[PDB]
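*Asks:* sequence plus experimental coordinates follow:
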Amino acid sequence: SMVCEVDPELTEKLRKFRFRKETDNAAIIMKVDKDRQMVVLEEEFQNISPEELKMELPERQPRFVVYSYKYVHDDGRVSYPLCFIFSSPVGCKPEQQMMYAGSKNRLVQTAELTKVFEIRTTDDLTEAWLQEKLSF
């Protein structure tokens, strides 16, 4: 049994996030607790830029993220798409990545987000990258 359970309190938070009316760029960063075999909250930010988010993530361990991004378009229109990001850095321990890989689908299906992105370096997480990924 490698697949982790999801903390019930974290499940409530993710469920609330799906349809949130708040406009601030909130991020929920989640990790595996290897001992509990449980995906848990690590930290949550009320309002964080893609660069700031990039800076929080560990460079050499995996994390799951849900993120709200305020997207101001060329023409002034504003949208707030949400996405799920699996930070799976090349260089993480294979056993570590594997544990995260095995719980990703469960957590995605719990968050119920359809925009699911995987980055193999935290360098990739930029405003330009998000805008490309989020536009359709």
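*Replies:* Right, received. Where do you want to start? Numbering: from 1, shown residues only.
*Asks:* give me the most central residue, the chain.
*Replies:* Centroid-nearest residue in the chain, with Cα atoms, centre = their mean: residue 65, separated by 1.4 Å.
*Asks:* secondary structure element for it?
*Replies:* strand 63-68 (DSSP states H and E).
*Asks:* give me the sheet partners of that strand and which way each runs.
*Replies:* Strand 63-68 sits in its sheet next to strand 27-33 (antiparallel), strand 82-87 (antiparallel), going by DSSP bridges.
*Asks:* give me the contact list for the longest one.
*Replies:* The contact list for strand 27-33 (Cβ atoms under 8 Å, 6 or more residues apart in numbering) reads 4, 10, 13-14, 17, 38-45, 48, 53, 56-57, 61-68, 99-100, 103, 107. Where C-beta positions appear, they are placed from N, C-alpha and C, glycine not excepted.
*Asks:* could you do the last one as well?
*Replies:* By Cβ under 8 Å, 6+ apart, the surrounding residues in contact with strand 82-87 are 17-18, 20, 57-58, 62-69, 100, 104, 107-108, 111, 113, 115-119, 122, 125, 130, 133-134.
*Asks:* residues of the helix or strand just after that strand that come out buried?
*Replies:* The element immediately downstream of strand 82-87 (helix or strand, assigned by DSSP H and E) is helix 94-111. Using 16 or more other Cβ atoms under 10 Å as the test for burial, helix 94-111 gives 96, 97, 99, 100, 103, 104, 107, 108, 110, 111.
*Asks:* quick check: chain neighbours aside, which residue is closest to the fifth one?
*Replies:* The one in question is residue 103. Nearest in space to residue 103, with sequence neighbours left out and distances taken as Cβ to Cβ, 6 or more residues apart in numbering, is residue 4 at 4.3 Å.
*Asks:* for that neighbour, what are its contacts?
*Replies:* 32, 33, 36, 37, 38, 39, 99, 102, 103, 106.
*Asks:* hmm, 7 Å instead?
*Replies:* Counting by Cβ atoms under 7 Å, 6 or more residues apart in numbering, residue 4 touches 32, 37, 38, 39, 103.
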